[PDB]
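Enquirer: Below is the file target17.pdb, which contains PDB, C-alpha atoms and all ligand atoms.
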```pdb
ATOM      1  CA  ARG A   3     173.098  18.469  58.942  1.00  0.00           C
ATOM      2  CA  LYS A   4     176.625  19.454  59.992  1.00  0.00           C
ATOM      3  CA  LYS A   5     179.031  17.986  62.578  1.00  0.00           C
ATOM      4  CA  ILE A   6     176.194  15.915  64.105  1.00  0.00           C
ATOM      5  CA  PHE A   7     175.417  12.946  61.853  1.00  0.00           C
ATOM      6  CA  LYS A   8     173.631   9.824  63.018  1.00  0.00           C
ATOM      7  CA  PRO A   9     175.384   6.482  62.385  1.00  0.00           C
ATOM      8  CA  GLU A  10     172.381   5.084  60.495  1.00  0.00           C
ATOM      9  CA  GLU A  11     172.056   8.265  58.420  1.00  0.00           C
ATOM     10  CA  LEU A  12     175.722   8.055  57.431  1.00  0.00           C
ATOM     11  CA  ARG A  13     175.562   4.334  56.686  1.00  0.00           C
ATOM     12  CA  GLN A  14     172.401   4.523  54.578  1.00  0.00           C
ATOM     13  CA  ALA A  15     173.823   7.405  52.523  1.00  0.00           C
ATOM     14  CA  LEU A  16     177.459   6.317  52.177  1.00  0.00           C
ATOM     15  CA  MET A  17     177.127   2.535  51.824  1.00  0.00           C
ATOM     16  CA  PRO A  18     175.895   2.736  48.174  1.00  0.00           C
ATOM     17  CA  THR A  19     179.135   4.530  47.236  1.00  0.00           C
ATOM     18  CA  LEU A  20     181.177   1.775  48.875  1.00  0.00           C
ATOM     19  CA  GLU A  21     179.034  -0.902  47.207  1.00  0.00           C
ATOM     20  CA  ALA A  22     179.695   0.797  43.862  1.00  0.00           C
ATOM     21  CA  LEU A  23     183.381   0.061  44.455  1.00  0.00           C
ATOM     22  CA  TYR A  24     182.736  -3.577  45.411  1.00  0.00           C
ATOM     23  CA  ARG A  25     180.759  -4.082  42.188  1.00  0.00           C
ATOM     24  CA  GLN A  26     183.875  -3.326  40.125  1.00  0.00           C
ATOM     25  CA  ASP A  27     185.224  -6.776  39.225  1.00  0.00           C
ATOM     26  CA  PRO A  28     188.145  -7.414  38.954  1.00  0.00           C
ATOM     27  CA  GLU A  29     189.159  -3.862  39.934  1.00  0.00           C
ATOM     28  CA  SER A  30     188.019  -4.087  43.569  1.00  0.00           C
ATOM     29  CA  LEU A  31     189.398  -7.607  44.108  1.00  0.00           C
ATOM     30  CA  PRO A  32     192.861  -6.522  45.419  1.00  0.00           C
ATOM     31  CA  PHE A  33     191.127  -4.198  47.905  1.00  0.00           C
ATOM     32  CA  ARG A  34     188.445  -6.481  49.397  1.00  0.00           C
ATOM     33  CA  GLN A  35     190.576  -7.534  52.395  1.00  0.00           C
ATOM     34  CA  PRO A  36     193.519  -6.096  54.348  1.00  0.00           C
ATOM     35  CA  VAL A  37     196.883  -6.524  52.655  1.00  0.00           C
ATOM     36  CA  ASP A  38     198.856  -9.562  53.836  1.00  0.00           C
ATOM     37  CA  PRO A  39     202.455  -8.717  52.833  1.00  0.00           C
ATOM     38  CA  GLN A  40     203.834 -12.176  53.598  1.00  0.00           C
ATOM     39  CA  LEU A  41     201.028 -13.884  51.677  1.00  0.00           C
ATOM     40  CA  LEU A  42     201.572 -11.641  48.633  1.00  0.00           C
ATOM     41  CA  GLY A  43     205.380 -11.798  48.728  1.00  0.00           C
ATOM     42  CA  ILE A  44     205.839  -8.063  49.363  1.00  0.00           C
ATOM     43  CA  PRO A  45     207.525  -7.923  52.797  1.00  0.00           C
ATOM     44  CA  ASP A  46     208.342  -4.192  52.580  1.00  0.00           C
ATOM     45  CA  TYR A  47     204.669  -3.193  52.251  1.00  0.00           C
ATOM     46  CA  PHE A  48     204.269  -1.933  55.825  1.00  0.00           C
ATOM     47  CA  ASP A  49     207.558  -0.035  55.467  1.00  0.00           C
ATOM     48  CA  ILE A  50     205.987   2.011  52.659  1.00  0.00           C
ATOM     49  CA  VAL A  51     202.299   2.045  53.648  1.00  0.00           C
ATOM     50  CA  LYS A  52     202.178   3.549  57.119  1.00  0.00           C
ATOM     51  CA  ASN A  53     198.381   3.250  57.521  1.00  0.00           C
ATOM     52  CA  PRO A  54     196.797   0.293  55.694  1.00  0.00           C
ATOM     53  CA  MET A  55     193.179   0.583  54.589  1.00  0.00           C
ATOM     54  CA  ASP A  56     190.815  -1.577  52.544  1.00  0.00           C
ATOM     55  CA  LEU A  57     187.150  -1.950  51.645  1.00  0.00           C
ATOM     56  CA  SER A  58     186.377  -4.453  54.412  1.00  0.00           C
ATOM     57  CA  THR A  59     187.802  -2.075  57.022  1.00  0.00           C
ATOM     58  CA  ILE A  60     185.801   0.851  55.618  1.00  0.00           C
ATOM     59  CA  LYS A  61     182.632  -1.257  55.520  1.00  0.00           C
ATOM     60  CA  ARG A  62     183.264  -2.398  59.096  1.00  0.00           C
ATOM     61  CA  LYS A  63     183.616   1.211  60.265  1.00  0.00           C
ATOM     62  CA  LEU A  64     180.324   2.190  58.603  1.00  0.00           C
ATOM     63  CA  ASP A  65     178.436  -0.776  60.065  1.00  0.00           C
ATOM     64  CA  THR A  66     179.760  -0.098  63.584  1.00  0.00           C
ATOM     65  CA  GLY A  67     179.304   3.679  63.381  1.00  0.00           C
ATOM     66  CA  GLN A  68     182.978   4.540  63.679  1.00  0.00           C
ATOM     67  CA  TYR A  69     182.551   7.486  61.267  1.00  0.00           C
ATOM     68  CA  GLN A  70     181.143  10.540  63.019  1.00  0.00           C
ATOM     69  CA  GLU A  71     181.229  12.750  59.894  1.00  0.00           C
ATOM     70  CA  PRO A  72     180.920  11.840  56.202  1.00  0.00           C
ATOM     71  CA  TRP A  73     184.290  13.429  55.401  1.00  0.00           C
ATOM     72  CA  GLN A  74     186.073  10.811  57.566  1.00  0.00           C
ATOM     73  CA  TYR A  75     184.664   8.105  55.290  1.00  0.00           C
ATOM     74  CA  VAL A  76     185.930   9.939  52.194  1.00  0.00           C
ATOM     75  CA  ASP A  77     189.375  10.308  53.782  1.00  0.00           C
ATOM     76  CA  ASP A  78     189.672   6.548  54.350  1.00  0.00           C
ATOM     77  CA  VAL A  79     188.716   5.918  50.719  1.00  0.00           C
ATOM     78  CA  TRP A  80     191.478   8.223  49.471  1.00  0.00           C
ATOM     79  CA  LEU A  81     193.927   6.665  51.935  1.00  0.00           C
ATOM     80  CA  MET A  82     193.186   3.270  50.376  1.00  0.00           C
ATOM     81  CA  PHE A  83     193.665   4.775  46.896  1.00  0.00           C
ATOM     82  CA  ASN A  84     196.939   6.479  47.798  1.00  0.00           C
ATOM     83  CA  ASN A  85     198.362   3.320  49.382  1.00  0.00           C
ATOM     84  CA  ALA A  86     197.961   1.554  46.029  1.00  0.00           C
ATOM     85  CA  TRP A  87     199.238   4.532  44.028  1.00  0.00           C
ATOM     86  CA  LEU A  88     202.234   4.901  46.357  1.00  0.00           C
ATOM     87  CA  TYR A  89     203.273   1.263  46.729  1.00  0.00           C
ATOM     88  CA  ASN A  90     202.694   0.203  43.106  1.00  0.00           C
ATOM     89  CA  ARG A  91     204.158   1.595  39.903  1.00  0.00           C
ATOM     90  CA  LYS A  92     202.004   3.208  37.230  1.00  0.00           C
ATOM     91  CA  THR A  93     202.412   0.254  34.852  1.00  0.00           C
ATOM     92  CA  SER A  94     201.307  -2.326  37.429  1.00  0.00           C
ATOM     93  CA  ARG A  95     197.892  -3.981  37.376  1.00  0.00           C
ATOM     94  CA  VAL A  96     197.047  -3.082  40.982  1.00  0.00           C
ATOM     95  CA  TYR A  97     197.745   0.583  40.228  1.00  0.00           C
ATOM     96  CA  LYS A  98     195.438   0.544  37.199  1.00  0.00           C
ATOM     97  CA  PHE A  99     192.760  -1.293  39.202  1.00  0.00           C
ATOM     98  CA  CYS A 100     192.924   1.435  41.860  1.00  0.00           C
ATOM     99  CA  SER A 101     192.562   4.202  39.274  1.00  0.00           C
ATOM    100  CA  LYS A 102     189.352   2.571  38.018  1.00  0.00           C
ATOM    101  CA  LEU A 103     187.968   2.525  41.575  1.00  0.00           C
ATOM    102  CA  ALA A 104     188.893   6.195  42.018  1.00  0.00           C
ATOM    103  CA  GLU A 105     187.038   7.062  38.812  1.00  0.00           C
ATOM    104  CA  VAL A 106     183.894   5.277  40.022  1.00  0.00           C
ATOM    105  CA  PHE A 107     184.097   6.894  43.460  1.00  0.00           C
ATOM    106  CA  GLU A 108     184.644  10.381  42.018  1.00  0.00           C
ATOM    107  CA  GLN A 109     181.511  10.088  39.856  1.00  0.00           C
ATOM    108  CA  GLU A 110     179.303   8.760  42.671  1.00  0.00           C
ATOM    109  CA  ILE A 111     180.361  10.693  45.768  1.00  0.00           C
ATOM    110  CA  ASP A 112     179.380  14.260  44.785  1.00  0.00           C
ATOM    111  CA  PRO A 113     175.556  13.842  44.921  1.00  0.00           C
ATOM    112  CA  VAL A 114     175.786  11.772  48.112  1.00  0.00           C
ATOM    113  CA  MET A 115     177.802  14.448  49.931  1.00  0.00           C
ATOM    114  CA  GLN A 116     175.394  17.217  48.932  1.00  0.00           C
ATOM    115  CA  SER A 117     172.381  15.208  50.121  1.00  0.00           C
ATOM    116  CA  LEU A 118     174.016  14.963  53.574  1.00  0.00           C
ATOM    117  CA  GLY A 119     174.337  18.745  53.944  1.00  0.00           C
TER     118      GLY A 119
HETATM  119  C1  LIG B 201     196.415  -3.941  47.471  1.00  0.00           C
HETATM  120  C2  LIG B 201     197.529  -5.051  47.549  1.00  0.00           C
HETATM  121  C3  LIG B 201     198.789  -4.325  48.008  1.00  0.00           C
HETATM  122  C4  LIG B 201     199.424  -3.612  46.871  1.00  0.00           C
HETATM  123  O1  LIG B 201     199.522  -2.370  46.971  1.00  0.00           O
HETATM  124  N1  LIG B 201     199.926  -4.162  45.703  1.00  0.00           N
HETATM  125  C5  LIG B 201     199.937  -5.524  45.290  1.00  0.00           C
HETATM  126  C6  LIG B 201     201.047  -6.097  44.586  1.00  0.00           C
HETATM  127  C7  LIG B 201     201.080  -7.438  44.175  1.00  0.00           C
HETATM  128  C8  LIG B 201     199.917  -8.171  44.495  1.00  0.00           C
HETATM  129  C9  LIG B 201     198.785  -7.662  45.185  1.00  0.00           C
HETATM  130  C10 LIG B 201     198.797  -6.313  45.596  1.00  0.00           C
HETATM  131  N2  LIG B 201     197.700  -5.755  46.267  1.00  0.00           N
HETATM  132  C11 LIG B 201     197.622  -8.607  45.448  1.00  0.00           C
HETATM  133  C12 LIG B 201     197.207  -9.717  44.798  1.00  0.00           C
HETATM  134  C13 LIG B 201     196.033 -10.683  45.035  1.00  0.00           C
HETATM  135  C14 LIG B 201     194.952 -10.714  43.920  1.00  0.00           C
HETATM  136  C15 LIG B 201     194.528  -9.361  43.285  1.00  0.00           C
HETATM  137  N3  LIG B 201     194.072  -9.440  41.871  1.00  0.00           N
HETATM  138  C16 LIG B 201     192.724 -10.078  41.723  1.00  0.00           C
HETATM  139  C17 LIG B 201     192.136 -10.009  40.306  1.00  0.00           C
HETATM  140  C18 LIG B 201     193.181 -10.314  39.224  1.00  0.00           C
HETATM  141  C19 LIG B 201     194.580  -9.754  39.471  1.00  0.00           C
HETATM  142  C20 LIG B 201     195.523  -9.630  38.427  1.00  0.00           C
HETATM  143  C21 LIG B 201     196.828  -9.118  38.585  1.00  0.00           C
HETATM  144  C22 LIG B 201     197.247  -8.696  39.849  1.00  0.00           C
HETATM  145  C23 LIG B 201     196.323  -8.818  40.916  1.00  0.00           C
HETATM  146  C24 LIG B 201     194.982  -9.334  40.776  1.00  0.00           C
HETATM  147  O2  LIG B 201     198.557  -8.207  39.955  1.00  0.00           O
HETATM  148  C25 LIG B 201     199.628  -8.608  39.106  1.00  0.00           C
HETATM  149  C26 LIG B 201     200.889  -9.109  39.869  1.00  0.00           C
HETATM  150  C27 LIG B 201     200.712  -9.155  41.439  1.00  0.00           C
HETATM  151  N4  LIG B 201     202.038  -8.877  42.155  1.00  0.00           N
HETATM  152  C28 LIG B 201     203.164  -9.522  41.455  1.00  0.00           C
HETATM  153  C29 LIG B 201     203.173  -9.070  39.983  1.00  0.00           C
HETATM  154  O3  LIG B 201     202.016  -8.377  39.624  1.00  0.00           O
HETATM  155  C30 LIG B 201     202.214  -8.114  43.413  1.00  0.00           C
HETATM  156  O4  LIG B 201     203.386  -8.020  43.831  1.00  0.00           O
END
```
The structure in this file should be written as structure tokens.
Expert:
Amino acid sequence: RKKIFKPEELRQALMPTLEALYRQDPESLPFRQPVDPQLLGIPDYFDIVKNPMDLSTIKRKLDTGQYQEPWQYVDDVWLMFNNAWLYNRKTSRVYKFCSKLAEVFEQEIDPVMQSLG
């Protein structure tokens, strides 16, 4: 309905959109796990990205019912996108990978949101 959404209702409706992102290979690969700046040799990552976000964290929040409203899920997805757009330059591979994920999410999310009311 509105405001009051059940955790299982949200998960069953929103999880396919997240799975659509996972299916993108290799585009989802940089976003499957939280960023490890020291592992990746980018020590200034947390200085630029104030609020890290990735697919595993979003999936965890859906499975544990940490989203009360479907729009909170969408916000985390765009936070993950913006982190990659902000930290990386437009010519970089991780930037282009992110833009492919955004395209997939933009084409899948509209019907799902309308079915949730
Ligand atoms: C989201 C997180 C934080 C961020 O915002 N930017 C990044 C930045 C960087 C790495 C990651 C990175 N990702 C992560 C790499 C691990 C494997 C990711 N895949 C898997 C599939 C093939 C693949 C191909 C190219 C690729 C990455 C990549 O990148 C090209 C490199 C990576 N270089 C150095 C020069 O360019 C980074 O400095």
Enquirer: Identify, on the basis of all atoms listed in the file, every residue whose closest approach to range 24-32 of chain A does not exceed 12 Å; exclude the query and any residue fewer than 2 positions from it along the same chain; express the result as an MDAnalysis selection string.
Expert: chainID A and resid 17:22 34:38 42 55:58 60:61 82:83 85:86 95:107
Enquirer: Using all atoms listed in the file for the distances, tell me which of A:11, A:46, A:108, A:77 is nearest to ligand LIG 201 (chain B).
Expert: A:46
Enquirer: If you apply the PyMOL selection byres (((chain A and resi 68) around 12) and not hetatm) to this file, what residues do you get, as an MDAnalysis selection string?
Expert: chainID A and resid 7:10 12:13 59:67 69:72 74:75 78
Enquirer: Which value, in Å to one decimal, gives the distance between atom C9 of ligand LIG 201 (chain B) and CA of residue 44 in chain A?
Expert: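 Interatomic distance here is 8.2 Å.
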Enquirer: Residues around (182.1, 11.5, 50.7), cut-off 7 Å, counting all atoms listed in the file - what are they as a PyMOL selection string?
Expert: chain A and resi 72-73+75-76+111+114-115
Enquirer: Rounded to one decimal in Å, what is the spacing between CA of residue 3 in chain A and CA of residue 117 in chain A?
Expert: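 Answer for the CA of residue 3 in chain A to CA of residue 117 in chain A separation: 9.4 Å.
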Enquirer: Kindly indicate which residue among A:90, A:14, A:109, A:84 lies nearest to ligand LIG 201 (chain B), using all atoms listed in the file for the distances.
Expert: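 Of A:90, A:14, A:109, A:84, the one nearest ligand LIG 201 (chain B) is A:90, counting all atoms listed in the file.
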Enquirer: Using only C-alpha atoms and all ligand atoms, pick whichever of A:53, A:5, A:113, A:41 has the shortest atom-to-atom distance to ligand LIG 201 (chain B).
Expert: A:41
Enquirer: Report the distance between atom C28 of ligand LIG 201 (chain B) and CA of residue 50 in chain A in Å, rounded to one decimal place.
Expert: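 Interatomic distance, atom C28 of ligand LIG 201 (chain B) to CA of residue 50 in chain A: 16.3 Å.
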Enquirer: Rank nothing, just name the residue among A:43, A:92, A:116, A:52 nearest to ligand LIG 201 (chain B), using all atoms listed in the file.
Expert: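 Looking at the shortest contact to ligand LIG 201 (chain B), the residue is A:43.
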Enquirer: Find, counting all atoms listed in the file, the residue in A:4, A:80, A:89, A:16 that gets nearest to ligand LIG 201 (chain B).
Expert: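 That would be A:89, the residue with the smallest distance to ligand LIG 201 (chain B).
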Enquirer: Can you tell me, as JSON, the centre and edge lengths (Å, one decimal) of the axis-aligned box enclosing all of range 52-58 of chain A's listed atoms after padding each side by 3 Å?
Expert:
```
{"center_x": 194.3, "center_y": -0.5, "center_z": 54.6, "size_x": 21.8, "size_y": 14.0, "size_z": 11.9}
```
